[PDB]
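This report concerns only the one structure given below.
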Amino acid sequence: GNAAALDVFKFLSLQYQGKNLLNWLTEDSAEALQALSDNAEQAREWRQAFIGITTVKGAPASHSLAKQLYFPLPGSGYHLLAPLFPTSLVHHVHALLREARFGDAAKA
RNA sequence: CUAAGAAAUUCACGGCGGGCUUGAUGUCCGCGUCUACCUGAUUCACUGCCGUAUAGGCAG
């Protein structure tokens with residue numbers, strides 16, 4: 001999304017009590033939905049806004065510039081199989097490679 | 001029915017200034033290489049004659 005809009009993500013990435021405020025907003029809790037408000041229904045619509053950062057917006061779509069690749073089924077069929085780029089897996093493998101190449105226990 | 005399908009890197013250029021690598025040196029003792037064979041498979045497609053012949057035949 002927008003790079004100037006990442007203040008919401010820096011606000012959601014806080015580890016205030018023992019966990020993220022995101023997962024505190026997923027489950028029903030008394031400390032949740034009451035700290036950030038003085039009205040009830042306003043806190044409900046703020047929850048339904050703030051929990052929507054993990055929900056896909058819009059109809060499912062893969063662009064013409066995106067990749068989608070037929071896969072033959074065992075009987076006579078095909079599935080379209082549009083693959084996406086795993087940025088979390090690339091970030092995990094990239095962190096593993098930087099830790100194995102540049103880490104303190106590797107430099108030792 | 002292929003991480004499918006698509007694509008102009010390109011223009012120009014002074015690397016050269018200079019130089020002592022030197023001395024010195026024990027390679028060295030010793031040694032069983034034997035054994036046994038078909039080059040011959042048509043392996044020399046030859047030399048010459050009659051004929052105008054390259055076509056064809058003939059002699060040794």
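Simple scheme: letters A, B, ... for chains in structure tokens order, numbers from 1 for residues in each chain, numbers from 1 for ligands in the order shown.
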- Message: Quick check for you: according to DSSP on this backbone, which residues of chain A are classed as alpha helix (DSSP H)? Reply as a ChimeraX atom specification.
- Response: /A:7-12,21-26,40-50,87-102,104-107
Residue selection dump (C-alpha atoms) as a PDB file, in the first residue's frame:
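Okay, result-v4.pdb is ready:
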```
ATOM      1  CA  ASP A   7       1.924   4.760  10.568  1.00  0.00           C
ATOM      2  CA  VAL A   8      -1.053   2.443  11.085  1.00  0.00           C
ATOM      3  CA  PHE A   9       1.254  -0.558  10.699  1.00  0.00           C
ATOM      4  CA  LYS A  10       3.801   0.909  13.112  1.00  0.00           C
ATOM      5  CA  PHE A  11       0.882   1.379  15.510  1.00  0.00           C
ATOM      6  CA  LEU A  12      -0.255  -2.218  15.019  1.00  0.00           C
ATOM      7  CA  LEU A  21      -2.478  -5.399  19.431  1.00  0.00           C
ATOM      8  CA  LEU A  22      -3.716  -7.079  16.225  1.00  0.00           C
ATOM      9  CA  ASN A  23      -4.179 -10.477  17.885  1.00  0.00           C
ATOM     10  CA  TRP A  24      -5.643  -8.673  20.895  1.00  0.00           C
ATOM     11  CA  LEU A  25      -8.179  -7.188  18.477  1.00  0.00           C
ATOM     12  CA  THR A  26      -8.984 -10.592  16.955  1.00  0.00           C
ATOM     13  CA  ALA A  40     -19.164   1.483  22.482  1.00  0.00           C
ATOM     14  CA  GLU A  41     -20.421   1.478  18.872  1.00  0.00           C
ATOM     15  CA  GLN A  42     -17.560   3.740  17.786  1.00  0.00           C
ATOM     16  CA  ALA A  43     -15.178   1.160  19.254  1.00  0.00           C
ATOM     17  CA  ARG A  44     -17.041  -1.568  17.333  1.00  0.00           C
ATOM     18  CA  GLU A  45     -16.632   0.228  13.998  1.00  0.00           C
ATOM     19  CA  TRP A  46     -13.012   1.052  14.876  1.00  0.00           C
ATOM     20  CA  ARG A  47     -12.453  -2.669  15.508  1.00  0.00           C
ATOM     21  CA  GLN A  48     -14.094  -3.569  12.196  1.00  0.00           C
ATOM     22  CA  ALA A  49     -11.791  -1.052  10.516  1.00  0.00           C
ATOM     23  CA  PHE A  50      -8.589  -2.085  12.310  1.00  0.00           C
ATOM     24  CA  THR A  87       7.587 -12.206   0.515  1.00  0.00           C
ATOM     25  CA  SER A  88       7.506 -13.743   3.979  1.00  0.00           C
ATOM     26  CA  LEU A  89       9.325 -16.865   2.781  1.00  0.00           C
ATOM     27  CA  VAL A  90      11.839 -14.771   0.841  1.00  0.00           C
ATOM     28  CA  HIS A  91      12.279 -12.620   3.944  1.00  0.00           C
ATOM     29  CA  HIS A  92      12.837 -15.710   6.092  1.00  0.00           C
ATOM     30  CA  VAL A  93      15.338 -17.242   3.650  1.00  0.00           C
ATOM     31  CA  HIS A  94      17.029 -13.838   3.277  1.00  0.00           C
ATOM     32  CA  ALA A  95      17.323 -13.487   7.053  1.00  0.00           C
ATOM     33  CA  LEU A  96      18.664 -17.050   7.290  1.00  0.00           C
ATOM     34  CA  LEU A  97      21.268 -16.344   4.608  1.00  0.00           C
ATOM     35  CA  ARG A  98      22.339 -13.024   6.148  1.00  0.00           C
ATOM     36  CA  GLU A  99      22.553 -14.697   9.565  1.00  0.00           C
ATOM     37  CA  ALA A 100      24.579 -17.639   8.259  1.00  0.00           C
ATOM     38  CA  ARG A 101      26.931 -15.369   6.303  1.00  0.00           C
ATOM     39  CA  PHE A 102      27.189 -12.265   8.505  1.00  0.00           C
ATOM     40  CA  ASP A 104      28.325 -13.327  15.041  1.00  0.00           C
ATOM     41  CA  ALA A 105      28.410 -17.104  15.525  1.00  0.00           C
ATOM     42  CA  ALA A 106      29.413 -17.469  11.870  1.00  0.00           C
ATOM     43  CA  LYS A 107      32.061 -14.745  11.932  1.00  0.00           C
TER      44      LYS A 107
END
```
- Using the chain letters and numbers from this document, which residues of chain A does DSSP assign to strand (DSSP E or B), as a list in words?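 The strand (DSSP E or B) residues within chain A come out as residues 71, 72, 78 and 79 of chain A.
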Would you save the residues from that selection as an mmCIF file, in the first residue's frame, using N, CA and C atoms?
```cif
data_model
loop_
_atom_site.group_PDB
_atom_site.id
_atom_site.type_symbol
_atom_site.label_atom_id
_atom_site.label_comp_id
_atom_site.auth_asym_id
_atom_site.auth_seq_id
_atom_site.Cartn_x
_atom_site.Cartn_y
_atom_site.Cartn_z
ATOM 1 N N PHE A 71 -2.413 -26.522 -15.075
ATOM 2 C CA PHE A 71 -1.907 -27.735 -14.453
ATOM 3 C C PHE A 71 -2.858 -28.870 -14.787
ATOM 4 N N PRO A 72 -2.405 -29.908 -15.484
ATOM 5 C CA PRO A 72 -3.319 -30.975 -15.894
ATOM 6 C C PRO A 72 -3.688 -31.866 -14.718
ATOM 7 N N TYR A 78 -7.980 -29.243 -16.191
ATOM 8 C CA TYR A 78 -6.941 -28.278 -15.876
ATOM 9 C C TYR A 78 -7.401 -27.376 -14.740
ATOM 10 N N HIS A 79 -6.432 -26.872 -13.988
ATOM 11 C CA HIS A 79 -6.629 -25.796 -13.032
ATOM 12 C C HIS A 79 -5.719 -24.637 -13.417
#
```
Quick one: which chain B residues come within 8 Å of chain A, and what is the nearest atom pair for each with the distance in Å to one decimal, counting only C-alpha atoms (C1' of nucleotides), rows ordered by chain and ascending number, as a Markdown table?
```
| residue | atom | partner | partner_atom | distance |
| --- | --- | --- | --- | --- |
| B:1 | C1' | A:70 | CA | 6.4 |
| B:3 | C1' | A:67 | CA | 5.9 |
| B:4 | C1' | A:69 | CA | 6.0 |
```
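From atom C1' of residue B:2 back to atom CA of residue A:73, the distance works out to 15.7 Å.
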- Query: In Å, with one decimal, what is the gap from atom CA of residue A:57 to atom CA of residue A:37?
  - Reply: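 One can read the atom CA of residue A:57 to atom CA of residue A:37 distance as 25.9 Å.
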- Item | Distance of atom CA of residue A:58 from atom CA of residue A:19, expressed in Å to one decimal place | 29.1 Å
